[PDB]
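Remarks on the overall topology
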Amino acid sequence: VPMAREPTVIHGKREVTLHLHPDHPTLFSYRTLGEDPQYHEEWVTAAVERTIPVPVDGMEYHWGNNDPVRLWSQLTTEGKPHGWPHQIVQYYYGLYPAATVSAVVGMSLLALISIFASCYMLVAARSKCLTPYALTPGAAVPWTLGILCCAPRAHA
Amino acid sequence: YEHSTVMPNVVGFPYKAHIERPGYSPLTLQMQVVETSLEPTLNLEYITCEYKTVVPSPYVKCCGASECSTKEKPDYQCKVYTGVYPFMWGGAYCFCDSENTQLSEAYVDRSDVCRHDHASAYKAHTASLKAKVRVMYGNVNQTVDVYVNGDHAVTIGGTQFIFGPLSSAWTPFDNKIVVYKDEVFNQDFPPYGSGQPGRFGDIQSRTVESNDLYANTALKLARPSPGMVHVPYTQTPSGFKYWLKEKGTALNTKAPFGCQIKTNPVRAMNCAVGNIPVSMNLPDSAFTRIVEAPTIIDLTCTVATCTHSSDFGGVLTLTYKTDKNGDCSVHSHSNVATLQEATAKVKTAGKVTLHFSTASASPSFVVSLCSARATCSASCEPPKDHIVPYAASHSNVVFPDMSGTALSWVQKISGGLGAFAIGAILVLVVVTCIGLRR
Amino acid sequence: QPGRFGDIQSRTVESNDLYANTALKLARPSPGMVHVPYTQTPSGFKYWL
Ligand SMILES: *[C@@H]1O[C@H](CO)[C@@H](O[C@@H]2O[C@H](CO)[C@@H](O[C@@H]3O[C@H](CO)[C@@H](O)[C@H](O)[C@@H]3O)[C@H](O)[C@H]2NC(C)=O)[C@H](O)[C@H]1NC(C)=O
Ligand SMILES: *[C@@H]1O[C@H](CO)[C@@H](O[C@@H]2O[C@H](CO)[C@@H](O[C@@H]3O[C@H](CO)[C@@H](O)[C@H](O)[C@@H]3O)[C@H](O)[C@H]2NC(C)=O)[C@H](O)[C@H]1NC(C)=O
């Protein structure tokens, strides 16, 4: 039996573009060799072009009578690690683009809650420490007047 | 000296085990799983093949009537037709004009080559796993064949190895299996004695050599045409051929975890899942007395370049001070970085280099040269190439060190916010306590 | 590129120079034969047509 020609591979980001040149109907099949495989098989007849996914687990494709060939993706991305805070997020978003967003959102809401609580504590403390002196026509104690920014800057 | 460890069930992974006897020099073993084989247990149910309808010649009774008789044959059919006036090449015999009777007989039989082209229906349960592990250390190589269950101890150069049961219990074969030539199908075949015409297992034989046969193909007979002798009949086509045409997929090209299915015997080889516990028992001659081994002091670790790629894309340097030159047993005590070698030549110069493979942006692991220790930290850049034809040589851990850049930024920001919060709490408490003190 | 338009190119019709990239790879001959096997990606001009 004859062995068909090897296809031309073009590497992408977790993808392989595959140029197929048959002379007579050959069988082309591939599977992703992870926990949940991506099954597919076909009877390629004319000159076609296929795009097939290659996760970090890897995959194998069987073209005609040739032996199966396995390809593994590599931990590559587009961000810049060990840079400014807006570049580490890009680096960890190119990899795993589903947990980085959730973690960033969680941290941002935690920071907002903390800063709002702190500002509320400051406002409440000022209200507590300013209202007893706001019920009598008394001096604001310029020593205390300078320290805390109350409503009357200099008027009593 | 009893020792235990757990090694991944990944073919080709360079697992290295570190053995520390307090009275002697450390030892490093290299174990590697060259090949596995997951053998299930089968119980043959029946055998299916194409059928062959045999039609004996009709019996035409001239000037008389014939009576049908029953027989014990698989899917037997017999009928008698009255009023036939057959013809032959020269002249029409059965000289009576209309007092004739034809008897038609047909029955199904197993094909001629059913012992060469047939499909088997099995039942698979309780798979048993096998392996072929290569163990090298010191100056002893050699590959051995083992059973992966805690009931087989093999001796390699005076050392006894027991490979414990697999961590998981996952088998790609379902309860019912159909095997044809060199292909395995996860199919739900009908039970023996209840096949259906036109589909898989229309005729079922308990064994390829069994005499008993159960055939169900809706064979029927029709009245012959006038002036002919042909025994008409109608029959639903073979179920085996139509199963061949539309069986659909397989298990060879559908199995998970990237493991090949084979036949004779059925087995799923090189199938990466789970962990393989290991138990050892080493003799006193494998270790070296501490007096013979060189002494290592002032061990400092610096990383020249790092790159979290599949290949060994990191370089590490160790500086020390030594009295005499010899050999040491390097090891990395965390699975973040996987070293390449298990021995290194120490010399009076005070410099040695090692290569590691990692998959994290910022690793943090402790490396030991003979009896010394040193902590290494580094910053690693991603690789430029998109796809490689070899499997990864790291343990695939991605969480960075707590002293890395990103986590340092998180620590600084959280510390600033916590300082603000503590200041707010202190101000509020001071105000309340001043109000209460009065 | 092999298999597509312009896998072989020439400056002009009568030009002596020629650039060809068709992925021509030789294979080991079978035992007891003299046939110099090879494999090659089909013509790009025909598939362009
Ligand atoms: C030679 O041919 C003659 C026909 O020309 C055959 O005679 C036929 O014989 C059969 C039985 O031997 C007859 O069938 C039955 O006969 C009984 C007689 O009472 C009748 O009651 C039934 O209703 C039925 O017809 C048939 O009638 C008869 N035909 C005739 C006489 O014309 C003869 O059998 C042939 N020779 C041999 C050796 O078979
Ligand atoms: C322990 O034993 C194994 C098996 O004997 C050793 O592996 C063997 O290493 C040699 C040296 O590289 C290999 O020979 C060469 O293999 C290449 C592979 O392409 C080939 O092109 C060369 O012509 C040459 O044959 C040999 O294949 C290899 N064996 C296997 C089964 O892979 C191993 O090196 C030994 N351990 C130590 C520490 O020496």
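Residues numbered from 1 in each chain as written, not as in the entry; some residues may be left out. Chains lettered and ligands numbered in written order. Part of a larger assembly, values for the part shown. Heavy atoms only, no water.

What the entry reports as its method is cryo-EM, with 3.45 Å given for the resolution.

Chain C has the name Spike glycoprotein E1 in the PDB entry, where Semliki Forest virus 4 is given as its organism.

Chain B is annotated in the PDB entry as Spike glycoprotein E1 of Semliki Forest virus 4.

**Structural notes on the overall build of chain C**
Along its length, chain C carries 1 helix and 4 strands. When its helices and strands are written in sequence order, chain C yields β-β-β-β-α. Structurally, chain C occupies a C-alpha span of about 45 × 25 × 15 Å along its principal axes. Across the 49 residues of chain C, 18% fall into the buried class. (Helix = DSSP H or I, 4+ residues; strand = E, 2+ residues; numbered from the N terminus. Buried < 20%, exposed > 50% of the residue type's maximum accessible area, 1.4 Å probe, protein only.)

**Quick notes on the overall build of chain B**
Within chain B one finds 2 helices and 31 strands. Computed over the C-alpha atoms, the radius of gyration of chain B is 39 Å, more than 25% above the 22 Å expected from 2.2 N^0.38 for a compact globule of 438 residues. Here chain B holds 438 residues, and 42% of them are scored as buried. In chain B, the proportion of contacts linking residues at least 24 apart, taken out of those at least 6 apart, comes to 66%. (Rg over C-alpha atoms; globule rule 2.2 N^0.38 Å. Contact = heavy atoms within 4.5 Å.)

**Here's the deal with the site of ligand 2**
Lining the immediate environment of ligand 2, one finds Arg134, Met136 and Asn141 of chain B. The contact in question runs from an oxygen atom of ligand 2 to an N or O atom on the side chain of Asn141 of chain B, over 2.3 Å. (Near = heavy atom within 4 Å. Polar contact = N/O pair within 3.5 Å; in protein donor to acceptor, adjacent residues only side chain to side chain.)

**A word on the interface of chain C and chain A**
Between chain C and chain A, the contact holds 7 residues from the first and 7 residues from the second. Between chain C and chain A, the buried area comes to about 590 Å², and carbon and sulfur atoms account for 49% of it. On the chain C side of the interface with chain A, the three residues burying the most area are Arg4, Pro42 and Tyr47 of chain C, jointly 59% of the side's total. At the junction of chain C and chain A, the tally comes to 0 salt bridges. Taken together, the residues of the side of chain C that touches chain A break down into 2 nonpolar, 4 polar and 1 charged. (Buried area = accessible area lost by both parts, 1.4 Å probe. Salt bridge = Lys/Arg side-chain N within 4 Å of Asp/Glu carboxyl O. Nonpolar A, V, L, I, M, F, W, Y, C, P; charged D, E, K, R; others polar.)

**Quick look at the nonpolar core**
Generally speaking, soluble globular proteins have nonpolar side chains that are buried together. All names here are of chain B. With 43 residues, the main nonpolar core has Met31, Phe161, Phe173, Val184 and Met280 as its most contacted residues. If you tally residues by element for this core, the top one is strand β9 (residues 119-136), at 6 residues. The contacts of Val184, once residues within four sequence positions are left out, are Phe173, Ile177, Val178, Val179, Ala250, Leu251, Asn252, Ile261, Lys262, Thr263 and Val266. Core analysis: the next-biggest nonpolar cluster, separate from the first, contains 25 residues, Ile296, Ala344, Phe365 and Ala374 among them. (Core = buried A, V, L, I, M, F, W, Y, C linked by side-chain atoms within 4.5 Å.)

**Observations regarding helix α2 (residues 99-130) of chain A**
Relative to the 46 Å expected for 32 residues at 1.5 Å per residue, α2 of chain A spans 47 Å between its end C-alpha atoms, a close match to the ideal helical length. Restricting attention to buried positions, one finds in α2 of chain A the residues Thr100, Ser118 and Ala125 of chain A. Where the residues of α2 of chain A are buried, they touch α1 (85-94) of chain A together with α2 (405-437) of chain B. (Expected span 1.5 Å × (residues − 1).)

**Examining the sheet that holds strand β21 (residues 275-281) of chain B**
Residues and elements named next belong to chain B. Strand order across the open sheet formed by 4 strands is β1-β21-β12-β11, with antiparallel pairing between neighbours. Unpaired on one side and paired on the other, β1 (2-8) and β11 (153-156) mark the two borders of the sheet. Each adjacent strand pair in this sheet contributes to an overall mean axis angle of 25°, direction not counted. The pairing of β11 with strand β12 (residues 159-163) spans 4 bridges and is antiparallel. Counted as the bridge partner of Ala153 is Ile162 from β12. (Pairing = 2+ DSSP bridges. Axes fitted to C-alpha atoms, helices over the stretch in contact; angles between N-to-C directions.)

**Observations regarding the packing of α1 of chain A against α2 of chain A**
All names here are of chain A. Running from N to C, α1 and α2 point in directions that differ by 145°, and their axes come no closer than 8 Å. Of the residues in α2, those touching α1 at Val89, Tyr92 and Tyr93 are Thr100, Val101 and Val104. Tallied by class, the residues present in the contact of α1 with α2 amount to 5 nonpolar, 1 polar and no charged.

**Observations regarding the interface of chain A and chain B**
Between chain A and chain B, the contact holds 39 residues from the first and 43 residues from the second. For the pair chain A and chain B, the summed buried area comes to about 3,600 Å², and 65% of that belongs to carbon and sulfur atoms. It is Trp72, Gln74 and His82 of chain A in chain A that bury the most area against chain B; as a group they hold 19% of the surface buried on that side. Our enumeration of links across chain A and chain B arrives at 9 residue pairs in polar contact. Only β2 (15-20), β3 (26-32), β7 (69-73), α1 and α2 of chain A provide two or more residues apiece to the side of chain A that touches chain B. Here the side of chain A that touches chain B takes 10 residues from α2 of chain A, the largest share from any one element. Of the residues belonging to the side of chain A that touches chain B, the class tally is 21 nonpolar, 12 polar and 6 charged. Of the pairings in the sheet, the one linking β7 of chain A to strand β31 (residues 387-388) of chain B comprises 2 bridges and is antiparallel in character. Paired with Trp72 of chain A across the two strands is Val388 of chain B, which belongs to β31 of chain B.

**Looking at the state of the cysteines**
Within the structure shown, the criterion is met by 7 disulfides over all chains. Between the sulfur atoms of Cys49 of chain B and its disulfide mate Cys114 of chain B the distance is 2.0 Å. Handedness of the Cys49 of chain B-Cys114 of chain B disulfide follows from its S-S torsion of about -85°: it is left-handed. Placement of the pair is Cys49 of chain B in the loop between β4 (46-48) and β5 (51-54) and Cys114 of chain B in the loop between β8 (100-110) and β9, with a sequence separation of 65 residues. With respect to burial, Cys49 of chain B and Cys114 of chain B carry one shared label: buried. Note on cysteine connectivity: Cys306 of chain B is disulfide-linked to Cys380 of chain B, with sulfurs 2.0 Å apart. When the S-S torsion is 75°, as for the bridge of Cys306 of chain B with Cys380 of chain B, the disulfide is right-handed. Linking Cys306 of chain B in the loop between β22 (296-305) and β23 (314-322) with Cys380 of chain B in the loop between β30 (374-377) and β31, this pair joins segments that are 74 residues apart in sequence. Of the two residues, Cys306 of chain B and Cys380 of chain B, neither departs from the other in class, the shared state being buried. Residue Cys129 of chain A stays outside any disulfide, its sulfur separated by 10 Å from that of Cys150 of chain A, the closest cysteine. Its relative accessible area of 42% is what places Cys129 of chain A among the partly exposed residues. No disulfide involves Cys149 of chain A; its nearest neighbouring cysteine sulfur is the one of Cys150 of chain A, lying 6.8 Å away. (Disulfide = S-S within 2.5 Å.)

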